[PDB]
Novice: 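Below is a structure I'd like to ask you about.
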Amino acid sequence: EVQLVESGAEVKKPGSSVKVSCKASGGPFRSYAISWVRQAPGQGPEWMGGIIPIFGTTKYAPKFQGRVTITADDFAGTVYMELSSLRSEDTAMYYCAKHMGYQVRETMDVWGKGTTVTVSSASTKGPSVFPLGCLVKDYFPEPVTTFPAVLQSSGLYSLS
Amino acid sequence: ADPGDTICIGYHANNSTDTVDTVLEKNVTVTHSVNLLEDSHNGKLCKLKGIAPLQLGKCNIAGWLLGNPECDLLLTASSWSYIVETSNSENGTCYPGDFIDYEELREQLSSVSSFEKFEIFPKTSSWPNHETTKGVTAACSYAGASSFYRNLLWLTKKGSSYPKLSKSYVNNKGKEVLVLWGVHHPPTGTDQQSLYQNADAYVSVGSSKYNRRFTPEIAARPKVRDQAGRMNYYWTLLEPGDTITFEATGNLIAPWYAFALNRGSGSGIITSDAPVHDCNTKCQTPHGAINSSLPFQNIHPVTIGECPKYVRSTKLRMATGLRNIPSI
Amino acid sequence: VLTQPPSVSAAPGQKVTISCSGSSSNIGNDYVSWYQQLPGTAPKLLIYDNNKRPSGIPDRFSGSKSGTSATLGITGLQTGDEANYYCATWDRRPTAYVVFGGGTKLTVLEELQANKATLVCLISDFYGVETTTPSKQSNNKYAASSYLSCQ
Amino acid sequence: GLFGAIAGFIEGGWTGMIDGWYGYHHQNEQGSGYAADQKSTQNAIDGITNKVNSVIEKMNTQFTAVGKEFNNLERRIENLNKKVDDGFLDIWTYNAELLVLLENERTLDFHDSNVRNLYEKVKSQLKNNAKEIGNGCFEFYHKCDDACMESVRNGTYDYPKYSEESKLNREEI
Ligand SMILES: *[C@@H]1O[C@H](CO)[C@@H](O[C@@H]2O[C@H](CO)[C@@H](O[C@@H]3O[C@H](CO)[C@@H](O)[C@H](O[C@H]4O[C@H](CO)[C@@H](O)[C@H](O)[C@@H]4O)[C@@H]3O)[C@H](O)[C@H]2NC(C)=O)[C@H](O)[C@H]1NC(C)=O
Ligand SMILES: *[C@@H]1O[C@H](CO)[C@@H](O)[C@H](O)[C@H]1NC(C)=O
Ligand SMILES: *[C@@H]1O[C@H](CO)[C@@H](O)[C@H](O)[C@H]1NC(C)=O
Ligand SMILES: [Cl-]
C-alpha cells in the first residue's frame, strides 16, 4: 500500500507562515485525492482541506479558508500545505491522508505519521542552572539531556 | 413527456487554452494536460550533496595539477562535486612543451571526487647531493620574480657534477597515486652543461605498469614565452603497493608533490562561465542548475547528477483531459 | 460538530458502543466513517460507508447509522483497544467540509544574586503561578510540579 | 473523433459541470443542474494517471554525462564520438516526440469512448420510458423527480416502476 512521508518538525512565530510537504510512494501521479488534517493536543482531528488529482481543485474548511493553500507537484509525487498568519493555536500535529478515490470525503484510508508545528513568540534559547535538587530555566524549544518540563507564561520551558 | 423532464449526458469544458498535437491534428485545445519538458535553470553553478565544485577559474587542469604559480588559490583544494574550467582557463604549462596523454589524464580525473596531496620527494631531504634552485624561471613568474611549479622540483647541477640519482617511492596510501614529472629539452646547450653538468644524459622512470627512458633532444626551437627550450610533462597512476623509480643524469623535472586519489561516480569536468553560488541542486548543467522532476529537458546535454533526459524538442505537452469545447 | 460521549469502558470480552450524534446536514444525508487512535500514532480507519471494514480490521468492530446518529460497536473487548475513537462525515451545510466528532476515550479495566526568586514545589507518587500537569511515572503513579515566580 | 460523441452527436462541453470529466445535466419541476459521473471519471483518471506514469517509467533520468577531449591527430575517433552522441540524441528526440503524439491521439479517443459508453449505458437503462431528443439528451415519458434522476445516475433506474405511466404518454402521440 501507499506510504505517505511528511517533512520535518517546524517552529514558527505568530504572524508567519509554514509550508509542510507530503510525498506519496509509487506513482508519481495519483488517481486519488489527498487531504490535510491536523490535531492540537489533546483535541480531536480537524480537516483542513484537500486537493483532487488532475483537476487540481481544492476545498477548504471554513475555519482555514483564506489562510491555507494546498498545492501539488505531480511529477514529484508531492502535495503541500501552506498555512499563513499563524497563531499559537495553530500548534498541532499535521497529517496528510489519502482518500480512496479522486474526490475529497470523510474516508481517509492511509495517513502519514504526522509532523509537528509549534507556533510561539519565543526565540531559541539555552538554559541557566540553579542549586536547590536542581533547577533548569529558561530554554526553548525542546531537548535531549527529573520532573517533566513546565512551560512558562514567557513561552520558555522550566523543568526541575 | 407528458411534463418534459430530461436528462442529458455530457462532458467537461473549461477556460484552459493549452494545446496538444496529435498525429491527425495539430494545436488541439484540451481541458487538462501536462508539460514533460523542462526548459528552465537558475543560471548558477551549485553544490551537489553539499559539496561545492572546484572552480579552476583562470587555470586549466594542467596548471592545477602541475602547480602553475598563478593557480596558488587551488593548492588547498582536496574535494569537489565537479570540476569547472571557464572560457578563460589559460594558465596551464607556463614553461612550454607537450603534456603527454593529457586527454587521457582528463578522462581519469573525471571520476576523481577528492584527493590527498602529499610531498612525495620532499625538497632538500630526498636530494642530499643535487642542487635545488635556479630554475626557477621567469616563464613561470610570481610577484615579478622567476618562480616554478609548486608540485614539480627543477633539479640542477651541484657545481659541475651530477651523479646518477635513483629515487624510489612505495605506495602505502591504500589507493592510486597520481605522479607527475617533466623532462626538460634545452636549446643549443651549453645550457645542458650549465644546468645538468653532463652532456650525454638520460631520464628513466619505471614501475610494473609503466616503463620509459627519455633522451634529451637539445635543439633550436621558436621562442614561446621568452623560452626556446621546451619541457614535456608526464603522469602515471601508481597502483596500491607498487613502486615507482626515477633514474637520471640530468634533465629531470622531478615530482615534489603527488596526489592520492579517491574515485567516485557521478563527477566530471565541465566548461562553464556561469557563476558559482551557495545553492544546492541534484542536477547541474553548464548553463545552470535544474530543479525539476520532469522526464525531459532541453537545456544542455552535459549534466552532473541526476537529470532529466536531454532532447532537442522545444515542446512536449501530453494530454490528460479531453478536447475543450466551452462554446458551440 | 458531531457529539460523542467523552468516555466508555468495559472488561475483556465485554461490549461497548460509542454513539455519534449530528444533524440533517451531516450524518442525516452522508456516510459515516470511524477512526481509531492509539497514543503517538495517526488515526487509523476502522469503518467507512457507515458499516464497511477495511482489510486488517476484524469483525469485532462494526458500525451502524440511523437517521441523524451513528454507532460504533466493539465486542470481545481487548486491552489493545484502549484508545480514542472519532466519527467523521461530510457536512454539506455552511460550506461543504469533512467534520469529525469530538472523540471518545475507551478505557479497558544564586538566582537571588541575579535579582530573581522562584519557589520550587516538586510533587510525586499520588494516584504568579505556573503548575506542571500530571505525567505518569514509569512507578505507574502520577508526578507533577508548581513554581511561584504550597498546598 | 473515433467514437462520434465529443465534438459529434454531443456538440459541446459543459463549463458548468465541475466535479468530473463526464456526467449529467437534468431538468424537472424541482429545477435544473449538473452532476459529474464519479465511476466513469474515476476509471478515466485511473487510466490516464497510469498512462502518464508509464511514460515516466520508460524514460530514465540521465546521470552524469560530460564531454571528452581529443588531440589534433584523433579526428577519426573525435568524429566517431560525435556521431554516437548525435545519433542517440536523434533517436531519443524522435522517441519522445512520437510517443507524445501517438498517446495524445489515444487519450482524446479514450475520452470520446467513455462519453459514448456512458450515453449508451443510460439509453439502455431507460429503454422506451424516455425518448432520445438529440445532443445526448433524453426526455422521460413520465415524471422524473430528483430521486428518480439520481437512480438514473447511479445505475439503479426502475424501468417497471414507470412503464405504465410512460406507455400511456408514449401512446397518446
Ligand atoms: C477562467 O476560469 C476562472 C475560474 O478558475 C474564472 O474565474 C473566477 O474569476 C472571476 C473573476 O476574476 C471570479 O469572479 C469574481 O467572483 C466574485 C464572487 O466569487 C465576484 O464577487 C466578483 O465580482 C466583482 O468583479 C466583477 C468583474 O469580474 C465585477 O463585475 C463585479 O461588479 C465585482 O466587482 C467576480 O465575479 C470568480 O469567482 C472566479 N471563480 C472561481 C471558482 O475561482 C475566469 O474568469 C475564467 N475565464 C473565463 C473565460 O471563464
Ligand atoms: C597566465 O595567463 C595570462 C593570460 O593568458 C598570461 O599573460 C600569464 O603570463 C600566464 N601566467 C602563467 C604563469 O602561465
Ligand atoms: C441511488 O439512488 C437511489 C434512488 O434515489 C437511492 O435510494 C440509493 O441509495 C442509490 N443507490 C446506490 C447503489 O447508490
Ligand atoms: Cl444532473
Side-chain angles (χ1 to χ4, degrees), chain A residues 1-5 21-36 47-62 64-66 68-80 96-112, chain D residues 6 13-25 33-63 92 95-97 99-100 102-104 106-115 117-118 150 153-155:
Chain A
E1 208 163 33
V2 182
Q3 319 208 5
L4 265 18
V5 178
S21 71
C22 177
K23 190 166 187 327
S25 66
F29 285 56
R30 276 177 289 112
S31 48
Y32 52 79
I34 286 182
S35 281
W36 294 84
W47 181 74
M48 292 178 82
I51 187 170
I52 295 340
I54 304 285
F55 290 89
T57 309
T58 53
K59 287 202 216 291
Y60 302 120
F64 302 105
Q65 175 80 56
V68 62
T69 306
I70 293 167
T71 51
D73 177 337
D74 293 298
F75 289 92
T78 301
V79 300
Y80 302 85
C96 52
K98 58 172 285 285
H99 302 272
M100 283 186 172
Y102 84 96
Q103 286 185 323
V104 162
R105 249 176 58 185
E106 69 287 351
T107 297
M108 288 158 278
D109 65 330
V110 183
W111 292 65
Chain D
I6 299 173
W14 288 333
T15 57
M17 186 182 69
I18 46 157
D19 31 355
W21 271 330
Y22 331 112
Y24 313 91
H25 184 264
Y34 298 94
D37 185 65
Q38 300 172 7
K39 171 176 175 288
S40 63
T41 298
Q42 183 70 66
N43 177 91
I45 295 178
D46 298 343
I48 293 298
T49 54
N50 201 260
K51 175 178 292 211
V52 172
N53 288 337
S54 297
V55 170
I56 296 164
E57 175 184 24
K58 295 331 197 205
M59 301 294 185
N60 300 102
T61 47
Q62 97 178 36
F63 298 101
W92 283 112
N95 288 337
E97 298 177 7
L99 182 56
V100 174
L102 297 176
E103 292 301 333
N104 288 350
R106 296 194 60 91
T107 294
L108 301 187
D109 291 333
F110 169 63
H111 290 294
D112 191 9
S113 171
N114 291 337
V115 169
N117 293 335
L118 183 58
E150 178 63 20
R153 297 182 210 107
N154 69 19

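Throughout, a chain's letter reflects where its sequence line sits, starting with A, and its residues are numbered from 1.
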Novice: Taking 3.5 Å as the threshold, show me the donor-acceptor pairs across chain D and chain A, one per line with distances to 0.1 Å.
Specialist:
| unit_1 | atom_1 | unit_2 | atom_2 | d |
| --- | --- | --- | --- | --- |
| D:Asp19 | O | A:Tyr102 | OH | 2.8 |
| D:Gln38 | NE2 | A:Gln103 | OE1 | 3.3 |
| D:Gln42 | OE1 | A:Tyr102 | N | 2.8 |
| D:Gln42 | NE2 | A:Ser31 | O | 3.0 |
| D:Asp46 | OD1 | A:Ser31 | OG | 3.4 |
| D:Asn53 | OD1 | A:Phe29 | N | 2.9 |
| D:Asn53 | ND2 | A:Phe29 | O | 2.9 |

Novice: Sequence neighbours left out, what pairs pass ring pair (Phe, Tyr, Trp, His ring centres under 6.0 Å) with at least one residue falling in residues 38-62 of chain D?
Specialist: none

Novice: A side-chain contact here means heavy atoms from C-beta on lying under 4.5 Å apart; do D:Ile48 and A:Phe29 qualify?
Specialist: no

Novice: Do other residues, nucleotides or ligands put more than 12 heavy atoms under 6.0 Å from the CD1 atom of D:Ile18?
Specialist: no

